[PDB]
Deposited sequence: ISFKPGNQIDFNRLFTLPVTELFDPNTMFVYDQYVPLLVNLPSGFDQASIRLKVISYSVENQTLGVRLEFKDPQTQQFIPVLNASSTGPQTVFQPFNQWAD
């Protein structure tokens, strides 16, 4: 007689990772599987056309300093999206000060 709504769990309630675990220490690129977690992508976007180079990181602030790059379709080379850690951000929720 009563409606009881269901729930889908938000991914951020289940997953978190130290920033030092988000990138390959041998290439210094964010692992492919984490690129959709760090970047808000449009529907159907081809992830092979982009990459995130890690320039810096902070264990204390849980931030990454990255260079977002995209594959130029004419030259087939990766070039920066924005024109040094070009973008500095905190990928996951933190509880501190």
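Novice: What gaps appear when the modelled C-alpha atoms are mapped onto the deposited sequence?
Specialist: The deposited sequence has one unmodelled segment, at 84-87.
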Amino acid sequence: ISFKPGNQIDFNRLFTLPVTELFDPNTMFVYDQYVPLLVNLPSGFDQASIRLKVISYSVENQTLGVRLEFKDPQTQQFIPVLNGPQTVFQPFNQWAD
From here on, numbers count along this sequence of modelled residues.
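Novice: Considering every modelled residue of the chain and its Cα B-factor in the PDB entry, is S2 in the lowest, middle or highest third?
Specialist: According to the entry, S2 has a C-alpha B-factor in the chain's highest third.
Novice: Could you look up the Cα B-factor of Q90 in the entry and say which third of the chain it sits in: lowest, middle or highest?
Specialist: Lowest third.
Novice: By the record's CA B-factor, is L22 among the lowest, middle or highest third of residues in the chain?
Specialist: It falls in the bottom third of the chain.
Novice: Taking the chain's C-alpha temperature factors as the reference, tell me which third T63 falls into: lowest, middle or highest.
Specialist: Its C-alpha B-factor belongs to the middle third of this chain's values.
Novice: Looking at the temperature factor on the CA atom of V39, which third of the chain's modelled residues does it land in?
Specialist: For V39, the deposited C-alpha B-factor lands in the lowest third.
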